[PDB]
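> Residue numbers (the working numbering), protein chains in the order written: chain A, 10 to 113; chain B, 9 to 109; chain C, 10 to 113; chain D, 10 to 113; chain E, 10 to 113; chain F, 9 to 109. We put the beta carbon where it would ideally sit given N, CA and C, even for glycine.
So, in structure tokens, the structure goes:
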């Protein structure tokens with residue numbers, strides 16, 4: 010998919026839970042996966058139209074502060090990822106989340 | 009499920025054991041899973057009605073201090089989590105815990 | 010099982026080895042499992058009658074000091090753990106340790 | 010393959026995502042894999058002609074700064090890696106990325 | 010087995026390689042396993058008669074200093090481990106090392 | 009095998025890639041495996057004649073500095089490792105690397 014990708018990483022799982030919920034409730038985006046990065050850091054990945062990923066990312070960043078003890082470590086938006094990156098890195102749509110992609 | 013979700017994370021396993029036991033003894037909630045987060049941190053996840061998750065979370069927060077050397081690192085309650093989140097993050101009810109629902 | 014649970018976590022494996030041996034030799038308790046917690050920390054879990062878990066735990070705490078370089082990080086006793094906790098967390102009796110439960 | 014190898018490692022996943030996308034869009038190179046290195050560090054590996062790996066690597070280094078909170082930790086280019094290194098370390102071309110090698 | 014157990018943990022793998030080789034060359038002991046403990050710490054476990062484990066452990070401790078950059082973090086000798094500890098923790102003899110046990 | 013063993017560990021993967029390539033290009037040695045040690049440290053292991061492992065290790069130590077941001081954390085050479093060590097620790101020749109022997 011050439012949809013934009015957003016990635017956000019928190020210290021602690023509760024922060025990433027808060028961010029993920031805000032993202033998919035505010036932008037027409039699909040949460041496609043998460044990573045245990047080590048050192049109690051967790052990464053989440055969303056896909057969607059670039060403008061919707063921007064809106065979702067802002068909501069996710071602000072939601073991290075609603076989780077006691079959570080910290081926002083790092084985030085990025087890649088507006089139009091190369092197929093090789095989507096293939097190798099864990100950022101692709103998958104069959105588990107297809108029905109949410111259809112909904113966007 | 010549209011049930012509320014609570015998640016709490018401690019430094020050390022004993023603290024998460026203390027917290028989890030307090031949660032399910034005080035709220036009508038289901039402990040659905042836990043995560044080894046790395047750095048000796050452990051995450052637990054509960055589901056239930058919003059009122060019961062809040063009650064359980066309060067009891068769990070206070071219970072962490074009963075474990076010598078434990079620290080409460082972070083926690084959150086999401087009253088009405090989006091179905092997409094439940095699908096990807098390890099927060100769903102599962103068949104292992106069905107009898108506790 | 011409604012038996013009490015004790016859990017103890019050390020910095021380094023040698024400390025948890027010392028503690029486990031002291032625990033099962035002091036109380037009528039079963040060591041049911043251990044966890045690699047990360048950051049070179051190791052968790053052990055015992056089950057048994059609450060009074061036996063208390064005496065075993067006392068011995069385990071003191072035994073950690075017998076390992077050079079070990080640190081006792083954290084421990085707890087839960088006298089009557091809820092079945093949902095026993096199910097999800099790695100604290101249940103299991104078939105690998107059945108013969109030790111029988112002997113207690 | 011005697012193609013050069015480039016490897017770059019960031020603090021946080023978003024930085025490695027930014028770097029990978031820049032690399033494969035700038036040089037005629039293939040992203041062959043990534044590593045979760047621990048401590049929330051992530052490694053990516055590209056292969057291609059040495060001149061293409063150099064230009065891709067330059068773009069990847071600069072792209073890390075486009076991810077909030079990311080840090081560039083370490084990187085290297087090996088112009089003509091030994092077959093024993095390609096065998097043991099996770100740097101070989103693989104069937105998952107064949108179509109991207111063909112296009113280079 | 011009621012043979013003694015020795016456990017030694019280093020920062021870095023080279024230190025544990027040095028210690029393991031010194032142990033089995035100096036005491037009539039068997040190296041039965043190792044653990045990746047996290048945080049670049051490595052644990053090794055030897056078994057044998059208590060006096061031989063003592064001799065091996067001293068040689069292993071001194072060998073750690075022969076590895077550049079290695080640090081000895083923690084160690085213990087448990088002279089006669091309870092069968093429950095041997096069962097749950099990774100300290101038992103195994104079929105991979107039987108021929109070295111026979112040799113001791 | 010009674011061949012010598014060398015092991016070297018870096019902070020970051022690029023440093024270990026640099027070191028490994030220098031080793032097999034300078035000594036008649038076989039790189040038999042590597043370890044993700046945690047904390048972004050990576051271990052590599054070579055086997056060969058004592059003289060070749062020493063030569064390869066020297067080249068590998070110097071090569072770590074050619075990787076931006078890499079650090080050499082620790083290394084050792086065991087000229088004649090005990091067979092018990094080869095059995096338990098991941099330092100043996102293996103079928104994946106047979107052609108390099």
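Below 8 Å between beta carbons: does that hold for residue 69(F) and residue 15(F)?
If you number the sixth chain from 1, residue 69(F) lands on position 61. If you number the sixth chain from 1, residue 15(F) lands on position 7. Cβ atoms of residue 69(F) and residue 15(F): not closer than 8 Å.
> To the nearest angstrom, how far is the alpha carbon of residue 102(B) from that of residue 74(C)?
Here residue 102(B) refers to the residue found at position 94 when the second chain is read from its first residue. Here residue 74(C) refers to the residue found at position 65 when the third chain is read from its first residue. One C-alpha to the other measures close to 41 Å.
> Give every residue of the same chain whose Cβ lies closer than 6 Å to the Cβ of residue 91(F), excluding the five residues on either side of it in the sequence, and list them in chain order.
Reading the sixth chain from its first residue, position 83 is the one you call residue 91(F). Cβ within range, chain order: n/a, list empty.
> If you count every other CB in all the chains shown that lies within 10 Å of the CB of residue 89(E), and 16 or more means buried, which is it?
Along the fifth chain, one-based indexing puts residue 89(E) at 80. It is exposed - the Cβ of residue 89(E) has fewer than 16 other Cβ atoms within 10 Å.
> What is the DSSP secondary structure of residue 97(F), reduced to helix, strand or coil?
Counting from one through the sixth chain, the residue named residue 97(F) turns up at place 89. Correct three-state label for residue 97(F): coil.
> Taking the beta strand (DSSP E) that residue 84(F) belongs to, which residues open and close that run?
Mapped onto the sixth chain, residue 84(F) falls at position 76. Residue 84(F) -> beta strand (DSSP E) spans 79–86.
> Distance cutoff 8 Å, beta carbons only. Does residue 38(B) sit that close to anything in chain I?
The chain inventory of the structure shown lacks chain I, comprising the protein chains A, B, C, D, E and F.
> Look at the alpha carbon of residue 23(F) and the alpha carbon of residue 31(F), and state the distance between them as a whole number of angstroms.
Within the sixth chain, numbered from 1, the residue matching residue 23(F) stands at position 15. Within the sixth chain, numbered from 1, the residue matching residue 31(F) stands at position 23. The alpha-carbon atoms of residue 23(F) and residue 31(F) are separated by roughly 12 Å.
> Whose C-alpha, out of 58(D), 81(D), 63(D), 85(D), is nearest the C-alpha of residue 112(D)?
Here the question's residue 112(D) lines up with position 103 in the fourth chain. Nearest of 58(D), 81(D), 63(D), 85(D) to residue 112(D), Cα basis: 58(D).
> Going by the CB atoms, is the gap between residue 34(F) and residue 67(F) shorter than 8 Å?
For the purposes of this step, residue 67(F) is identified with residue 59 of the sixth chain, where counting begins at 1. For the purposes of this step, residue 34(F) is identified with residue 26 of the sixth chain, where counting begins at 1. Yes, these two residues count as a Cβ contact at 8 Å.
> Quick check on DSSP: helix, strand or coil for residue 35(E)?
For this step, residue 35(E) is matched to residue 26 along the fifth chain. Helix.
> Could you give the distance in angstroms between the alpha-carbon of residue 18(F) and the alpha-carbon of residue 64(F)?
Residue 18(F) sits at position 10 when you count from the first residue of the sixth chain. Residue 64(F) sits at position 56 when you count from the first residue of the sixth chain. Roughly 16 Å between the two C-alpha positions.
> Who does residue 43(B) pair with in a DSSP beta bridge?
For the purposes of this step, residue 43(B) is taken as residue 35 along the second chain, with counting starting at 1. In DSSP, residue 43(B) forms a bridge with 51(B).
> Cβ closer than 8 Å: which chain E residues qualify as neighbours of residue 77(C)?
Taking the third chain and counting its residues from 1, one reaches residue 77(C) at position 68. In chain order: 83, 84, 85.
> Between residue 94(B) and the rest of its own chain, which residues show a CB-CB distance below 6 Å, the 5 nearest in sequence each way excluded?
Residue 94(B) sits at position 86 when you count from the first residue of the second chain. Here the set comprises 100.
> Assuming residue 49(B) and residue 37(B) form a contact by the criterion Cβ under 8 Å, report the distance between their Cβ atoms to the nearest whole angstrom.
Sequence index remark: in the second chain, residue 49(B) carries index 41 (1-based). Sequence index remark: in the second chain, residue 37(B) carries index 29 (1-based). Wrong, their Cβ atoms sit about 21 Å apart, outside the cutoff.
> Measure the Cβ-Cβ separation of residue 47(C) and residue 44(B) and say whether it is below 8 Å.
Here residue 47(C) corresponds to residue number 38 of the third chain, with the count starting at 1. Here residue 44(B) corresponds to residue number 36 of the second chain, with the count starting at 1. Yes, these two residues count as a Cβ contact at 8 Å.
> Are any of the Cβ atoms in chain F nearer than 8 Å to that of residue 94(D)?
Here residue 94(D) corresponds to residue number 85 of the fourth chain, with the count starting at 1. For residue 94(D), the answer is yes, since a Cβ of chain F falls inside 8 Å of its Cβ.
> Can you determine whether any heavy atom of the ligand ADP sits closer than 7 Å to the C-beta of residue 51(E), and answer yes or no?
You won't find the ligand ADP in this model; it holds no ligand whatsoever.
> Excluding the 5 residues preceding and the 5 following residue 43(A) in the sequence, name in chain order all residues of the same chain whose CB lies nearer than 8 Å to its CB.
Within the first chain, residue 43(A) is the residue found at index 34, counting from 1. Excluding sequence neighbours, residue 43(A) sits near 25, 29, 51, 52, 53, 54.
> Answer yes or no: do residue 86(E) and residue 13(E) have a C-beta to C-beta separation smaller than 8 Å?
By 1-based counting over the fifth chain, the position of residue 86(E) is 77. By 1-based counting over the fifth chain, the position of residue 13(E) is 4. Yes, they are a contact pair.
> How would you write the range of the beta strand (DSSP E) that residue 19(B) sits in, first residue to last?
Locating residue 19(B) in the second chain gives position 11, where the first residue counts as 1. Residues 12–19.
> How far does the alpha helix (DSSP H) with residue 59(A) in it reach, from first residue to last?
Within the first chain, numbered from 1, the residue matching residue 59(A) stands at position 50. Its alpha helix (DSSP H) spans residues 59–73.
> Go through its chain and collect everything with a Cβ distance to residue 71(F)'s Cβ below 6 Å, but skip five positions before and after it.
The residue you call residue 71(F) lines up with position 63 of the sixth chain. For residue 71(F), where only same-chain residues beyond five positions count, the Cβ hits under 6 Å are 26, 27, 30.
> Let me make sure I understand the geometry here. Which of 62(B), 96(B), 61(B) has the alpha-carbon closest to that of residue 40(A)?
Your numbering for residue 40(A) matches position 31 in the first chain. Nearest option by C-alpha distance: 96(B).
> Since residue 61(A) and residue 21(D) are thought to touch, with beta carbons under 8 Å apart, how far apart are those beta carbons, to the nearest angstrom?
Start at 1 with the first residue of the first chain, and residue 61(A) comes out as number 52. Start at 1 with the first residue of the fourth chain, and residue 21(D) comes out as number 12. That belief does not hold up - the Cβ atoms of residue 61(A) and residue 21(D) are roughly 23 Å apart, past 8 Å.
> Would residue 10(D) count as contacting chain F if we go by Cβ distances under 8 Å?
Residue numbering aside, residue 10(D) sits at position 1 when the fourth chain is read from its first letter. Closer than 8 Å: no.
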